[PDB]
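Scroll down for the structure; my scribbles are underneath it.
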Amino acid sequence: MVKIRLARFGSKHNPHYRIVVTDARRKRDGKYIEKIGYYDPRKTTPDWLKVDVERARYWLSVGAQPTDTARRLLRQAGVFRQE
Amino acid sequence: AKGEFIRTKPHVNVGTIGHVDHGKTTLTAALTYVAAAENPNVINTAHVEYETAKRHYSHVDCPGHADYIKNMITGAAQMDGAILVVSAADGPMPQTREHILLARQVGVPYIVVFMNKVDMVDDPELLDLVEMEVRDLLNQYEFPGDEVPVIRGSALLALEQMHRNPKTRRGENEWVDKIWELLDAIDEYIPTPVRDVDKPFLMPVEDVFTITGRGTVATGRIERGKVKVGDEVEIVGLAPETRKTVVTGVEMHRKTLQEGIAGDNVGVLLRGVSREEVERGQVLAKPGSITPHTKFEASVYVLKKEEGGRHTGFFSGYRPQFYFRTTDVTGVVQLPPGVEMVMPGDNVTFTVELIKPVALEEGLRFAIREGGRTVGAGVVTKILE
Amino acid sequence: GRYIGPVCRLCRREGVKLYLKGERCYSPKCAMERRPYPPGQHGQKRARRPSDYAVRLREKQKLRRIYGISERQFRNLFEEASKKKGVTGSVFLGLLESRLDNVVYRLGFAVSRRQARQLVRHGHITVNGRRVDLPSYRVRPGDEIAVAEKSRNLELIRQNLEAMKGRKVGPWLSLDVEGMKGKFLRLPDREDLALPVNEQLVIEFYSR
Amino acid sequence: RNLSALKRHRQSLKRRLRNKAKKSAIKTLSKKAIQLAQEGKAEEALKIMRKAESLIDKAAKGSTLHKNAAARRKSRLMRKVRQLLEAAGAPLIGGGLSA
Amino acid sequence: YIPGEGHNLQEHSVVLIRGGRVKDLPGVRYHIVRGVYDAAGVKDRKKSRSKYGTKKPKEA
RNA sequence: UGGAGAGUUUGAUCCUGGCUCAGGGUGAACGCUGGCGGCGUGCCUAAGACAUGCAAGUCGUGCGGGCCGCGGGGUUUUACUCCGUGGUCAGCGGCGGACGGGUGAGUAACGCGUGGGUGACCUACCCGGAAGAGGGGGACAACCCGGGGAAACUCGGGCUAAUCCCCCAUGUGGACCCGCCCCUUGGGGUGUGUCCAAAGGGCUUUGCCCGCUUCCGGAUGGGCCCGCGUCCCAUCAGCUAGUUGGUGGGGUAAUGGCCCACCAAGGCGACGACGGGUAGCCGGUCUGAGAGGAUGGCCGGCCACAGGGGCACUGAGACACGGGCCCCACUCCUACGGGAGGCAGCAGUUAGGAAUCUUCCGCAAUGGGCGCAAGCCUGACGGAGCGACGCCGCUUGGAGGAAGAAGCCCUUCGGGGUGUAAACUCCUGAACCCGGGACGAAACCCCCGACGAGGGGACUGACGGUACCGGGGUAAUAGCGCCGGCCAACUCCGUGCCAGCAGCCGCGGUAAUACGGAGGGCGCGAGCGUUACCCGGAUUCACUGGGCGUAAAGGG
RNA sequence: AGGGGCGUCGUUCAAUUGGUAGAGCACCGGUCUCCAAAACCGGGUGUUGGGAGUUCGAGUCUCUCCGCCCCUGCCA
Ligand SMILES: C/C=C\C=C\[C@@H]1O[C@](O)([C@H](CC)C(=O)NC/C=C/C=C(\C)[C@@H](OC)[C@@H](C)[C@@H]2O[C@H](/C=C/C=C/C=C(\C)C(=O)c3c(O)cc[nH]c3=O)[C@H](O)[C@@H]2O)[C@H](O)[C@H](O)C1(C)C
Ligand SMILES: Nc1nc2c(ncn2[C@@H]2O[C@H](COP(=O)(O)OP(=O)(O)O)[C@@H](O)[C@H]2O)c(=O)[nH]1
Ligand SMILES: [Zn+2]
């Protein structure tokens, strides 16, 4: 099904992912359906992570199983937090 | 699907000499099919192994016969001892004589004579006339002939019993017991030399195979030091420039070995190396150690007539064939001022210009042949080029 | 790697006495001072009228040998100078100056350029705190260049920091003779850099 | 030397056999029904045809007639029959067909 | 064509050809690289060696 | 924000015009030489053939067993081995093996690109909504036993469990026929008739979690169709019978001659049909002032293929790379009657070739399949290894130091040059030695809160004792091209149309900046040259931007 | 690794009568010429593939090497 995982960008020993709503079957770094954010595992930059609000929630309201390590970031960006 | 190989008993290389049509090539296929009963897992020279209950063996059975000198002369060095085979029917023939002389030219200490073809023409003197003329020629050639473990038996028969049924323990055939006599009186008398695992690795290359799926393998008895998988090495001698690769396999008689050391005829699989890139004569040494050279000098000792050598002497501009290791190269000769007419019996120090770059090295020894006869010996001095 | 060899040899060949030695090549014998004529078995004869090519080659080797840079490095900078908005002549020189081993020299610390390199290359130099060992590093506007701690004691940093008594720096670089700092206030200029080199003549070397 | 994909083949054959049979049926019934629709057997025509129409949607339940590949087989049946009865017959027993 | 002065190529030597003609020899349209296969370098050649094969001689 | 020309036809000139060169580029190869690191990148040929190992599995929270360790002996012992039990071997059943990975052979085509159409359709798992999950029957494995066989396996007899199979029911609904209304290609509503559902599994148990069934909708992914665009030869000019259309059938998820009857004679073509050659297409890449030209390797998208060829089965999906059948070729085993097998998966071998890598480390990360979960599998992937193949960074020392050693080479016998170069003197300290030493990793999960939001806790690092950091610390690599002109750089000897050079013009016939060596210089530097190929220069196919009286060029 | 062949001036070809090595061109000097061609004078220019072996001496008869053609060899 349609998922919400991470696509690896940035060269060797410089991981930089892209939070995207790809299709389960795609390749990790193949054509994604829509980028909604990125993530920097080394934090090198006061913006090591950023995610699109209204979007993430949208794809969730239409069945988009987020990876575990993916969901971690959606949360850390306060996506589910219903207040 | 390979079968590992563990060491327990001390290794030792041997071979069989004699006259073409006598025994040797047959007692080898006798000694092997014998020590395979009480031991688990057991034109061109065939290196066949056989293990006893006191030591591990190699055994280089040279086809013998003339023409096959260059191929025989090689393995001669690789062996710590030689089983001089003689037939009862005939006796000391040209080959039995030729092989023994060449057996001396090429180092090889101690001799263990075996009287085969005993099962032929029973004669009081015959069986005791042969054991005579043997020591007559062996000693005429400076060998311990008067104290050489001479055994007696028929190999042709000794084997036909083992082909009926594998297992055939001690003296259960009497004939396959005389094979246990020489095979026993062999791990005795002939000792074990000094195998220094301290010197920078180096093994001459005899044959070169191309084991499918793995690559090119270079057989040969290690001359010093050791080598295991992962060690870098160099192919010195012959070819444009000394190649450099890595060993990725070391095996002892078709069975995966672990670490080979001086004294074992172990084959080595060389990392990505075409089979044209490796040939006879070359040496596998530790990187940096030894190099390829053409010209050199040597404390060469020119033999004399009374010892097979020449008897007329050569001049400056003579082209003989030198045997450094498992190979043979040719070269021009231009010695120091004067010192011309180097007839038989001299220790002259001339210079050679081999046409093929061979792994030279001050200290290393060689020999000289020309016209099918050992014209002389020697040892490199100052490496000119 | 950055040439390394008879240098006053260039002092000569280019005919515009260079400063590749800092002290001697600044004294009464920059070699030029005794042979204002190019090296070689000849170096002093009827110099045929220089070809339109020769002229531009020389006007380029000059400007590049001044900084010791390699051709690869040099040409890359020039290309970079082009694409960047603004006169390529100025800009080129600008960037060419922003070089570190240079700003090391353009601030004392080192007697020469060839020296200012072995300096930065050996740590002794420092940017906004953290140090750098790369000459090619291009200093920006607002970055002071300090020396190192284990350096302020060495025999060399002494004399070099000594001559700094009184002597002044270009209007684009300040300097604390004791605090051994100095801020890269602004990128220099064709003018500020009174170099014996016609850039537009070099700009033209990288054309045909 | 081998894999547990074999499991997948064994089944393969079984299931093959399963709906391979359900199909033969529907085919046989469909034909038998129409084969009467012109004879005039209006009564037992709609009788068999009503049965055929059963195994159709029936097989459709699984992976036999997968989907509305059944819906088609049906209309072609209760259209081939109906258009055979009005060839002098009148719909007797109220079978599948509806007037 | 066989460059340099003096070669060791006989009726069965194996060489390695490359592009390059020779304006005087009407048929010759290729050159024989030197220092590759049966073709040795040029003896003594101290000048342009990269071409002509011949390896850097140690002044010795 | 962007445009350079030169050599060469003549005794000389101008023009025409070809040839050639300076620039950039490359999955490169060859020569000489070669120190470090980072990020890249590496069979362009035989889509030749391949040893070996690994590349796809997983679920006992679907089901019955074999078997082993064990609560404790079931009866009282070792009887019914019941049950407790975490494991384990298959079997049955399910989901995934259709993705991920490889290759470019084929294909000039709706294959691809682009924009659209589908009232002509499909979509597992994922979301949202609606209604359900009531009865019953049955089989085949496993296992037991008998049998054939060299093997691979196979046959018979008989037990048995399910989320396996089947019958009846409920019909929210849906399917279908005919009717009607709306709407307009087969879509939406409605009425009569007919036909169709389903499975239980685990707990912490009248409730949750995981499933099941039918329907409507969302997502995503697709099939089919269409307009325009897509190489060379016209010395290839005519092509076509399922051919072109029709009617009625078969077929499919669905349109269609897709296939078939029958009827009609059509359909296509210089706007290049047909045929031959070549070729995967694109984003892009190189070059170019631009317009263009060339190209399509790594990365991403699409297509095609899986030893050659044909075909179906299973299934949401394949006519299926590590599934099946068959023919053929080749490999292998055979007890000769029949067996096993496909690296264009990751490493590796061999052949061919000018030439293209380790039979590595790890699932720690990211991503995937299965699972309630723990977790399992993952040669995808994250890394390490080899090769200057490419780019970027760094080193081989910095400062001193003679009207200037030696040697070497010139020399108008004074001298000149290599040369501040060295020697030599202070000097910083590549390497290396010692200690310290990561980020990449925070969630699945545990707990409070309801397993929601939010808060807290723990395990986990292949690359690595590597990067990086402190301290200690030796002066410690240089080559290659070229020096007639174009084109930066000149002198001596040897040689004597010889030997040789050579991109073009052309150099060598005894004084040769053009051969060979030497000294000297120029260019660039861990590289520098060579060969091959593309663009440029070439307004030399000219749209931008040319020409035809006599230079090629007006048709009689 | 082991069989068998060929190899002669610079070249194409002889001495299978074992007695220093023979012919045509090619070419080399002498004259003419700036240098050649032509013309006239006059020339054997030789690693008998190498190096050793017998012989009073070897192209020839023995070996052993070199390069090449050929036929079989060759999985630690
Ligand atoms: C000889 C071939 C290859 C040699 C290779 C190398 O040799 C060696 O360099 C070796 C090192 C010493 C070497 O140089 N060998 C090189 C040489 C070494 C020679 C050494 C020792 C001698 O002393 C003078 C030694 C044999 C000596 O001779 C005597 C022999 C007398 C013979 C009379 C002949 C008689 C009746 C006869 O009928 C006869 C015959 O049969 C054949 C031919 N013609 C004849 O007329 C006696 O027996 C003594 O013992 C090493 O061994 C290397 O490692 C090697 C094996 C690679
Ligand atoms: N009469 C007899 N013949 C034997 C004996 N040993 C071997 N042979 C035979 O002699 C022939 C040659 O034997 P082989 O060993 O090949 O001789 P080698 O190769 O010269 O040692 C073969 O037929 C052997 O079987 C024996 O003891 N007596
Ligand atoms: Zn100076």
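The chains in the structure tokens are called A, B, ... from first to last as shown; in each chain the residues are counted from 1, and the ligands are counted from 1 in the order shown.
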- Item | Polymer residues at most 9 Å from stretch 61-78 of chain A, only C-alpha atoms (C1' of nucleotides), same-chain spacing of 2 or more positions, as a ChimeraX atom specification | /A:1-6,19,21,39,49-53,56-59,80-82 /F:126-128,218-219,442-444
What residues in chain F lie within 12 Å of chain B, counting only C-alpha atoms (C1' of nucleotides), written as a PDB file with N, CA, C and O atoms (P, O5', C5', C4', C3', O3' and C1' of nucleotides), in the first residue's frame?
ATOM      1  P     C F  50      26.469 -23.247 -20.042  1.00  0.00           P
ATOM      2  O5'   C F  50      27.670 -23.170 -19.012  1.00  0.00           O
ATOM      3  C5'   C F  50      27.445 -22.910 -17.635  1.00  0.00           C
ATOM      4  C4'   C F  50      28.768 -22.845 -16.934  1.00  0.00           C
ATOM      5  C3'   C F  50      28.734 -22.665 -15.431  1.00  0.00           C
ATOM      6  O3'   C F  50      28.551 -23.899 -14.765  1.00  0.00           O
ATOM      7  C1'   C F  50      30.296 -21.162 -16.375  1.00  0.00           C
ATOM      8  P     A F  51      28.199 -23.905 -13.201  1.00  0.00           P
ATOM      9  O5'   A F  51      29.151 -25.051 -12.631  1.00  0.00           O
ATOM     10  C5'   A F  51      30.564 -25.042 -12.921  1.00  0.00           C
ATOM     11  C4'   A F  51      31.343 -25.814 -11.874  1.00  0.00           C
ATOM     12  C3'   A F  51      30.829 -25.684 -10.439  1.00  0.00           C
ATOM     13  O3'   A F  51      29.956 -26.768 -10.101  1.00  0.00           O
ATOM     14  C1'   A F  51      33.092 -24.992 -10.526  1.00  0.00           C
ATOM     15  P     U F  52      28.779 -26.554  -9.021  1.00  0.00           P
ATOM     16  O5'   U F  52      29.467 -25.796  -7.804  1.00  0.00           O
ATOM     17  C5'   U F  52      30.362 -26.482  -6.912  1.00  0.00           C
ATOM     18  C4'   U F  52      30.827 -25.548  -5.821  1.00  0.00           C
ATOM     19  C3'   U F  52      29.718 -24.789  -5.116  1.00  0.00           C
ATOM     20  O3'   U F  52      29.108 -25.528  -4.081  1.00  0.00           O
ATOM     21  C1'   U F  52      31.412 -23.272  -5.736  1.00  0.00           C
ATOM     22  P     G F  53      27.546 -25.307  -3.779  1.00  0.00           P
ATOM     23  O5'   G F  53      27.513 -24.017  -2.850  1.00  0.00           O
ATOM     24  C5'   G F  53      28.161 -24.025  -1.579  1.00  0.00           C
ATOM     25  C4'   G F  53      28.310 -22.621  -1.069  1.00  0.00           C
ATOM     26  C3'   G F  53      27.028 -21.811  -1.027  1.00  0.00           C
ATOM     27  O3'   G F  53      26.269 -22.062   0.144  1.00  0.00           O
ATOM     28  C1'   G F  53      28.728 -20.532  -2.059  1.00  0.00           C
ATOM     29  P     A F 347      29.219  -7.510  -7.118  1.00  0.00           P
ATOM     30  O5'   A F 347      30.230  -8.405  -6.281  1.00  0.00           O
ATOM     31  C5'   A F 347      31.296  -9.089  -6.938  1.00  0.00           C
ATOM     32  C4'   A F 347      31.902 -10.115  -6.021  1.00  0.00           C
ATOM     33  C3'   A F 347      32.903 -10.997  -6.734  1.00  0.00           C
ATOM     34  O3'   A F 347      34.175 -10.384  -6.783  1.00  0.00           O
ATOM     35  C1'   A F 347      31.396 -12.356  -5.510  1.00  0.00           C
ATOM     36  P     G F 348      34.990 -10.391  -8.164  1.00  0.00           P
ATOM     37  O5'   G F 348      35.329 -11.930  -8.414  1.00  0.00           O
ATOM     38  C5'   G F 348      36.215 -12.658  -7.533  1.00  0.00           C
ATOM     39  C4'   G F 348      36.216 -14.127  -7.890  1.00  0.00           C
ATOM     40  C3'   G F 348      36.505 -14.422  -9.357  1.00  0.00           C
ATOM     41  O3'   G F 348      37.898 -14.533  -9.619  1.00  0.00           O
ATOM     42  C1'   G F 348      34.534 -15.559  -8.687  1.00  0.00           C
ATOM     43  P     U F 349      38.437 -14.457 -11.136  1.00  0.00           P
ATOM     44  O5'   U F 349      38.012 -15.846 -11.783  1.00  0.00           O
ATOM     45  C5'   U F 349      38.641 -17.072 -11.385  1.00  0.00           C
ATOM     46  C4'   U F 349      38.250 -18.179 -12.325  1.00  0.00           C
ATOM     47  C3'   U F 349      38.585 -17.913 -13.780  1.00  0.00           C
ATOM     48  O3'   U F 349      39.924 -18.290 -14.061  1.00  0.00           O
ATOM     49  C1'   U F 349      36.342 -18.675 -13.603  1.00  0.00           C
ATOM     50  P     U F 350      40.790 -17.439 -15.113  1.00  0.00           P
ATOM     51  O5'   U F 350      40.292 -17.943 -16.540  1.00  0.00           O
ATOM     52  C5'   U F 350      40.344 -19.324 -16.875  1.00  0.00           C
ATOM     53  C4'   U F 350      39.318 -19.643 -17.925  1.00  0.00           C
ATOM     54  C3'   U F 350      39.402 -18.813 -19.189  1.00  0.00           C
ATOM     55  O3'   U F 350      40.385 -19.353 -20.063  1.00  0.00           O
ATOM     56  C1'   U F 350      37.144 -19.005 -18.489  1.00  0.00           C
ATOM     57  P     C F 357      37.915  -7.075 -14.248  1.00  0.00           P
ATOM     58  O5'   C F 357      38.156  -7.118 -12.673  1.00  0.00           O
ATOM     59  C5'   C F 357      39.348  -6.546 -12.111  1.00  0.00           C
ATOM     60  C4'   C F 357      39.108  -6.037 -10.705  1.00  0.00           C
ATOM     61  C3'   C F 357      38.596  -7.015  -9.652  1.00  0.00           C
ATOM     62  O3'   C F 357      39.339  -6.824  -8.443  1.00  0.00           O
ATOM     63  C1'   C F 357      37.274  -5.044  -9.647  1.00  0.00           C
ATOM     64  P     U F 358      40.451  -7.903  -7.999  1.00  0.00           P
ATOM     65  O5'   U F 358      39.952  -8.375  -6.563  1.00  0.00           O
ATOM     66  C5'   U F 358      39.166  -9.569  -6.395  1.00  0.00           C
ATOM     67  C4'   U F 358      38.875  -9.779  -4.929  1.00  0.00           C
ATOM     68  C3'   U F 358      38.027 -10.992  -4.552  1.00  0.00           C
ATOM     69  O3'   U F 358      38.517 -11.501  -3.310  1.00  0.00           O
ATOM     70  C1'   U F 358      37.015  -9.014  -3.737  1.00  0.00           C
ATOM     71  P     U F 359      39.320 -12.890  -3.260  1.00  0.00           P
ATOM     72  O5'   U F 359      38.194 -14.007  -3.466  1.00  0.00           O
ATOM     73  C5'   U F 359      37.149 -14.204  -2.496  1.00  0.00           C
ATOM     74  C4'   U F 359      35.841 -14.511  -3.187  1.00  0.00           C
ATOM     75  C3'   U F 359      34.660 -14.732  -2.264  1.00  0.00           C
ATOM     76  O3'   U F 359      34.102 -13.463  -2.011  1.00  0.00           O
ATOM     77  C1'   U F 359      34.615 -16.255  -4.108  1.00  0.00           C
ATOM     78  P     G F 385      39.142   0.476   2.393  1.00  0.00           P
ATOM     79  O5'   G F 385      39.163  -0.875   1.548  1.00  0.00           O
ATOM     80  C5'   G F 385      39.748  -2.053   2.100  1.00  0.00           C
ATOM     81  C4'   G F 385      39.999  -3.071   1.026  1.00  0.00           C
ATOM     82  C3'   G F 385      40.655  -2.544  -0.231  1.00  0.00           C
ATOM     83  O3'   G F 385      42.050  -2.387  -0.093  1.00  0.00           O
ATOM     84  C1'   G F 385      38.874  -3.982  -0.811  1.00  0.00           C
ATOM     85  P     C F 386      42.788  -1.234  -0.924  1.00  0.00           P
ATOM     86  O5'   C F 386      42.826  -1.826  -2.390  1.00  0.00           O
ATOM     87  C5'   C F 386      43.542  -3.031  -2.636  1.00  0.00           C
ATOM     88  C4'   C F 386      43.382  -3.450  -4.069  1.00  0.00           C
ATOM     89  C3'   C F 386      43.590  -2.359  -5.099  1.00  0.00           C
ATOM     90  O3'   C F 386      44.948  -2.081  -5.352  1.00  0.00           O
ATOM     91  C1'   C F 386      41.643  -3.567  -5.638  1.00  0.00           C
TER      92        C F 386
END
- Message: If DSSP is run on the backbone, what residues of stretch 7-204 of chain C are strand (DSSP E)? A reply as a ChimeraX atom specification would be ideal.
- Response: /C:125-126,146-147
Could you pull out the residues sitting within 7 Å of ligand 3, using only C-alpha atoms (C1' of nucleotides) and all ligand atoms, and write them as a PDB file with C-alpha atoms, in the first residue's frame?
ATOM      1  CA  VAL C   7      62.455  30.773  -7.722  1.00  0.00           C
ATOM      2  CA  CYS C   8      64.392  33.970  -8.422  1.00  0.00           C
ATOM      3  CA  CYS C  11      61.919  36.691 -10.613  1.00  0.00           C
ATOM      4  CA  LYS C  17      61.216  41.059 -10.375  1.00  0.00           C
ATOM      5  CA  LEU C  18      59.054  38.900  -8.125  1.00  0.00           C
ATOM      6  CA  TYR C  19      58.912  38.438  -4.357  1.00  0.00           C
ATOM      7  CA  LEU C  20      59.008  34.676  -3.854  1.00  0.00           C
ATOM      8  CA  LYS C  21      61.624  34.814  -1.079  1.00  0.00           C
ATOM      9  CA  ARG C  24      66.568  38.264  -0.034  1.00  0.00           C
ATOM     10  CA  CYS C  25      64.125  38.630  -2.938  1.00  0.00           C
ATOM     11  CA  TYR C  26      63.504  42.086  -1.411  1.00  0.00           C
ATOM     12  CA  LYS C  29      70.122  40.818  -4.875  1.00  0.00           C
ATOM     13  CA  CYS C  30      66.585  39.593  -5.773  1.00  0.00           C
ATOM     14  CA  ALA C  31      68.744  38.089  -8.490  1.00  0.00           C
ATOM     15  CA  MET C  32      66.939  40.600 -10.645  1.00  0.00           C
TER      16      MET C  32
END
Give as a compact mmCIF listing (two decimals) with N, CA, C and O atoms, in the first residue's frame the residues surrounding ligand 2 up to a distance of 9 Å, considering only C-alpha atoms (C1' of nucleotides) and all ligand atoms.
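File produced: out_5.txt:
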# COMPACT_ATOMS: atom_id res chain seq x y z
N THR B 16 61.52 -41.38 -6.82
CA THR B 16 62.06 -42.67 -7.20
C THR B 16 62.87 -42.61 -8.49
O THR B 16 62.41 -42.12 -9.51
N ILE B 17 64.10 -43.13 -8.43
CA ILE B 17 64.96 -43.15 -9.59
C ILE B 17 65.24 -44.59 -10.03
O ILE B 17 64.75 -45.54 -9.43
N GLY B 18 66.03 -44.74 -11.09
CA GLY B 18 66.35 -46.06 -11.59
C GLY B 18 66.42 -46.07 -13.10
O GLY B 18 66.67 -45.03 -13.72
N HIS B 19 66.20 -47.24 -13.70
CA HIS B 19 66.24 -47.37 -15.16
C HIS B 19 64.86 -47.56 -15.78
O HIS B 19 64.02 -48.30 -15.26
N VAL B 20 64.63 -46.88 -16.90
CA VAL B 20 63.36 -46.95 -17.62
C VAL B 20 62.97 -48.38 -18.01
O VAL B 20 63.61 -49.00 -18.85
N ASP B 21 61.90 -48.88 -17.37
CA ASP B 21 61.34 -50.23 -17.57
C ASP B 21 61.58 -51.15 -16.37
O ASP B 21 61.13 -52.30 -16.36
N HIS B 22 62.28 -50.64 -15.35
CA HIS B 22 62.59 -51.42 -14.15
C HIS B 22 61.43 -51.53 -13.16
O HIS B 22 60.58 -52.42 -13.27
N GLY B 23 61.38 -50.62 -12.18
CA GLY B 23 60.32 -50.66 -11.19
C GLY B 23 59.71 -49.32 -10.79
O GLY B 23 58.54 -49.07 -11.05
N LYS B 24 60.52 -48.47 -10.16
CA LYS B 24 60.09 -47.15 -9.69
C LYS B 24 58.65 -46.70 -9.96
O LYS B 24 57.82 -46.68 -9.05
N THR B 25 58.34 -46.32 -11.21
CA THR B 25 57.00 -45.86 -11.57
C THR B 25 55.87 -46.81 -11.11
O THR B 25 54.71 -46.42 -11.06
N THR B 26 56.23 -48.05 -10.75
CA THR B 26 55.24 -49.03 -10.31
C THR B 26 55.18 -49.25 -8.79
O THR B 26 54.11 -49.52 -8.25
N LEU B 27 56.32 -49.14 -8.11
CA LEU B 27 56.34 -49.33 -6.66
C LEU B 27 55.72 -48.11 -5.98
O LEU B 27 55.32 -48.17 -4.82
N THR B 28 55.65 -47.01 -6.72
CA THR B 28 55.06 -45.77 -6.22
C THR B 28 53.55 -45.99 -6.12
O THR B 28 52.91 -45.58 -5.16
N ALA B 29 53.00 -46.64 -7.14
CA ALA B 29 51.58 -46.96 -7.18
C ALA B 29 51.39 -48.22 -6.34
O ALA B 29 50.37 -48.91 -6.42
N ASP B 61 57.64 -39.03 -8.41
CA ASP B 61 57.99 -40.11 -9.32
C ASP B 61 58.25 -39.59 -10.73
O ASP B 61 57.31 -39.38 -11.50
N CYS B 62 59.52 -39.39 -11.06
CA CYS B 62 59.89 -38.90 -12.37
C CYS B 62 59.79 -40.04 -13.38
O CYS B 62 60.28 -41.14 -13.12
N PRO B 63 59.13 -39.80 -14.52
CA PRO B 63 58.97 -40.83 -15.56
C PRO B 63 60.29 -41.52 -15.92
O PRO B 63 60.31 -42.67 -16.36
N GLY B 64 61.39 -40.80 -15.71
CA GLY B 64 62.70 -41.36 -16.02
C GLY B 64 62.96 -41.35 -17.51
O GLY B 64 62.26 -40.66 -18.26
N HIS B 65 63.96 -42.12 -17.94
CA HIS B 65 64.31 -42.21 -19.36
C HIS B 65 65.03 -40.92 -19.80
O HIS B 65 64.91 -39.87 -19.16
N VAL B 85 65.73 -47.56 -7.54
CA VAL B 85 65.14 -48.84 -7.89
C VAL B 85 65.96 -49.63 -8.90
O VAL B 85 66.38 -49.10 -9.93
N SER B 87 66.26 -53.67 -10.82
CA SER B 87 65.60 -54.93 -11.12
C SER B 87 66.52 -56.13 -10.97
O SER B 87 67.71 -56.06 -11.26
N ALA B 88 65.95 -57.25 -10.52
CA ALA B 88 66.71 -58.48 -10.34
C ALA B 88 67.11 -59.03 -11.71
O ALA B 88 68.29 -59.31 -11.96
N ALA B 89 66.13 -59.18 -12.60
CA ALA B 89 66.37 -59.69 -13.94
C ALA B 89 67.63 -59.06 -14.53
O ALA B 89 68.67 -59.71 -14.62
N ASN B 116 63.65 -54.47 -6.76
CA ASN B 116 62.37 -54.90 -7.28
C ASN B 116 62.59 -55.97 -8.34
O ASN B 116 63.73 -56.28 -8.69
N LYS B 117 61.49 -56.52 -8.86
CA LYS B 117 61.56 -57.58 -9.86
C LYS B 117 62.33 -58.78 -9.28
O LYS B 117 63.02 -59.50 -10.00
N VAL B 118 62.18 -58.98 -7.97
CA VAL B 118 62.82 -60.08 -7.25
C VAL B 118 62.15 -61.39 -7.66
O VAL B 118 62.80 -62.43 -7.76
N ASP B 119 60.85 -61.31 -7.90
CA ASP B 119 60.05 -62.46 -8.30
C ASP B 119 60.43 -62.93 -9.71
O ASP B 119 59.59 -63.41 -10.47
N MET B 120 61.71 -62.79 -10.05
CA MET B 120 62.19 -63.20 -11.36
C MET B 120 63.58 -63.84 -11.29
O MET B 120 64.48 -63.33 -10.62
N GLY B 153 61.89 -57.29 -2.96
CA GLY B 153 60.51 -57.69 -3.17
C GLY B 153 59.98 -57.36 -4.56
O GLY B 153 60.63 -56.65 -5.34
N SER B 154 58.80 -57.88 -4.87
CA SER B 154 58.16 -57.65 -6.16
C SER B 154 56.96 -56.72 -5.96
O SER B 154 56.07 -57.00 -5.15
N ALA B 155 56.96 -55.61 -6.70
CA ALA B 155 55.88 -54.63 -6.62
C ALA B 155 54.68 -55.06 -7.45
O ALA B 155 53.54 -54.98 -6.99
N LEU B 156 54.94 -55.52 -8.66
CA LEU B 156 53.88 -55.97 -9.56
C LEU B 156 52.93 -56.93 -8.86
O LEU B 156 51.71 -56.86 -9.06
N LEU B 157 53.49 -57.82 -8.05
CA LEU B 157 52.69 -58.80 -7.32
C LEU B 157 52.10 -58.16 -6.07
O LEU B 157 50.90 -58.27 -5.80
N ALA B 158 52.95 -57.47 -5.32
CA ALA B 158 52.56 -56.81 -4.09
C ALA B 158 51.29 -55.96 -4.23
O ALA B 158 50.53 -55.81 -3.27
- Task: Collect all residues with atoms no farther than 6 Å from ligand 1, counting only C-alpha atoms (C1' of nucleotides) and all ligand atoms, and output them as a PyMOL selection string.
- Result: chain B and resi 73+77+97-98+101+104-107+141-142+303+306-308+323-325+365-367+374+376-378
Contacts of chain G with chain B up to 6 Å, shortest pair per row, only C-alpha atoms (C1' of nucleotides), as a Markdown table:
| residue | atom | partner | partner_atom | distance |
| --- | --- | --- | --- | --- |
| G:51 | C1' | B:319 | CA | 4.7 |
| G:63 | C1' | B:371 | CA | 4.7 |
| G:64 | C1' | B:371 | CA | 4.0 |
| G:75 | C1' | B:211 | CA | 4.2 |
| G:76 | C1' | B:267 | CA | 4.4 |
